[PDB]
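Next up, input11.txt (compact mmCIF, C-alpha atoms):
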```
# COMPACT_ATOMS: atom_id res chain seq x y z
CA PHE A 53 49.87 -16.03 11.15
CA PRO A 54 50.81 -16.06 14.85
CA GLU A 55 50.94 -19.05 17.18
CA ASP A 56 48.59 -20.75 19.67
CA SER A 57 48.47 -23.71 22.07
CA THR A 58 45.67 -26.18 22.78
CA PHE A 59 46.90 -28.87 25.26
CA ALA A 60 45.13 -31.43 23.03
CA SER A 61 46.33 -33.83 20.38
CA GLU A 62 43.55 -33.31 17.80
CA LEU A 63 41.49 -30.31 16.74
CA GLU A 64 38.04 -30.55 15.18
CA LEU A 65 36.02 -27.84 13.44
CA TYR A 66 32.23 -27.76 13.50
CA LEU A 67 30.38 -25.16 11.43
CA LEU A 68 26.66 -24.69 12.08
CA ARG A 69 25.38 -22.52 9.23
CA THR A 70 21.76 -21.41 8.84
CA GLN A 71 19.89 -20.22 5.75
CA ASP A 72 16.97 -18.32 7.25
CA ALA A 73 13.83 -17.22 5.42
CA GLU A 74 14.02 -13.89 3.62
CA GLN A 75 11.43 -11.24 4.44
CA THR A 76 9.97 -11.02 0.95
CA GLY A 77 6.25 -11.15 0.22
CA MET A 78 5.27 -7.50 -0.18
CA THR A 79 1.56 -6.99 0.87
CA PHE A 80 -1.72 -8.02 -0.81
CA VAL A 81 -3.91 -5.39 -2.46
CA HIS A 82 -7.10 -4.77 -0.50
CA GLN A 83 -10.25 -2.68 -0.63
CA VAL A 84 -11.84 -1.25 2.49
CA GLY A 85 -15.03 -3.31 2.77
CA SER A 86 -13.73 -6.84 2.31
CA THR A 87 -11.93 -9.58 4.23
CA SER A 88 -8.23 -10.37 4.03
CA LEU A 89 -6.35 -13.30 2.46
CA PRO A 90 -3.67 -15.54 4.02
CA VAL A 91 0.09 -15.22 3.67
CA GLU A 92 2.17 -17.85 1.82
CA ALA A 93 4.41 -20.42 3.50
CA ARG A 94 8.13 -19.74 3.93
CA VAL A 95 11.15 -22.04 4.14
CA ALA A 96 14.12 -22.00 6.52
CA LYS A 97 16.87 -24.59 6.70
CA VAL A 98 20.00 -25.49 8.65
CA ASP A 99 23.17 -27.41 7.81
CA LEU A 100 26.31 -28.40 9.70
CA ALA A 101 29.69 -29.74 8.60
CA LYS A 102 32.92 -31.10 10.06
CA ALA A 103 36.68 -30.82 9.56
CA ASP B 2 -35.53 47.04 -8.24
CA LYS B 3 -33.12 46.78 -5.31
CA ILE B 4 -34.88 44.10 -3.27
CA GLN B 5 -34.52 40.67 -5.03
CA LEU B 6 -36.92 38.58 -2.90
CA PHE B 7 -36.27 35.09 -1.50
CA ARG B 8 -35.32 32.08 -3.62
CA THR B 9 -33.87 28.64 -3.01
CA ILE B 10 -30.28 27.77 -3.90
CA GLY B 11 -29.92 24.02 -3.44
CA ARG B 12 -31.47 20.97 -1.82
CA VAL B 13 -29.88 17.84 -0.36
CA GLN B 14 -31.48 14.48 0.43
CA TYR B 15 -29.47 12.26 2.78
CA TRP B 16 -30.74 8.71 3.25
CA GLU B 17 -29.55 5.90 5.51
CA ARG B 18 -27.68 2.75 4.50
CA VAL B 19 -29.03 -0.62 3.36
CA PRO B 20 -29.92 -2.57 6.52
CA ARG B 21 -28.82 -6.15 7.04
CA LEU B 22 -28.90 -8.91 9.63
CA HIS B 23 -26.31 -8.66 12.39
CA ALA B 24 -26.11 -12.37 13.16
CA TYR B 25 -25.89 -13.93 9.70
CA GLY B 26 -22.31 -12.88 8.99
CA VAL B 27 -20.51 -10.84 6.35
CA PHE B 28 -18.16 -12.14 3.67
CA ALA B 29 -16.87 -9.78 0.99
CA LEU B 30 -14.07 -9.80 -1.60
CA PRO B 31 -13.12 -7.11 -4.13
CA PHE B 32 -13.44 -7.55 -7.88
CA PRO B 33 -12.42 -5.55 -10.94
CA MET B 34 -15.30 -3.73 -12.60
CA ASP B 35 -16.29 -4.29 -16.21
CA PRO B 36 -15.30 -1.25 -18.32
CA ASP B 37 -18.01 -1.97 -20.92
CA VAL B 38 -20.78 -1.17 -18.41
CA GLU B 39 -22.25 2.27 -17.86
CA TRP B 40 -21.68 2.21 -14.09
CA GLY B 41 -23.07 5.73 -13.66
CA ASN B 42 -26.78 4.94 -13.66
CA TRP B 43 -26.27 1.90 -11.40
CA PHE B 44 -25.02 4.22 -8.64
CA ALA B 45 -27.22 7.25 -9.42
CA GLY B 46 -29.56 8.49 -6.71
CA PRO B 47 -29.40 8.90 -2.93
CA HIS B 48 -31.63 5.90 -2.22
CA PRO B 49 -30.40 2.73 -0.48
```

Spell out the structure here as structure tokens.
Amino acid sequence: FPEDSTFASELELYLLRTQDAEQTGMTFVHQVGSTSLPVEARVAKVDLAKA
Amino acid sequence: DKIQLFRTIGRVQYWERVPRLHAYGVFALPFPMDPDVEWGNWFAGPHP
């Protein structure tokens, strides 16, 4: 590793990491003369840590 | 016998569709059909 310089006496690390919702959920099977059905509820979440 | 006078070949009856009220609203959903039913004579005929 090479070298750096900060002009500060302490260094902190913050890591914001996100687990987004995957684009699963294929498509419902229809027939031409009927009404549709609703799409299920997804989940997304965030998380953040410190060193 | 060269002439072979006029005959008919085929006939077609075309009806309309089943009428219904515009303002009462539609609500339909598909269903699987029962295989143990002779579905041929339930759909036979050009009539609404």

message: Can you tell me which residues surround residue 87 in chain A at a distance of at most 8 Å, considering all atoms listed in the file, apart from same-chain residues fewer than 4 positions away, and format the answer as an MDAnalysis selection string?
response: chainID B and resid 28:30

- request: With a cut-off of 12 Å and counting only C-alpha atoms, select all residues of chain A in contact with chain B and give the selection as a PyMOL selection string.
  value: chain A and resi 80-89

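For the pair CA of residue 48 in chain B and CA of residue 16 in chain B, the interatomic distance is 6.2 Å.
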
query: At what distance in Å, to one decimal, does CA of residue 99 in chain A lie from CA of residue 60 in chain A?
result: 27.0 Å

message: Just the number, please: distance in Å from CA of residue 26 in chain B to CA of residue 46 in chain B, one decimal.
response: 27.5 Å
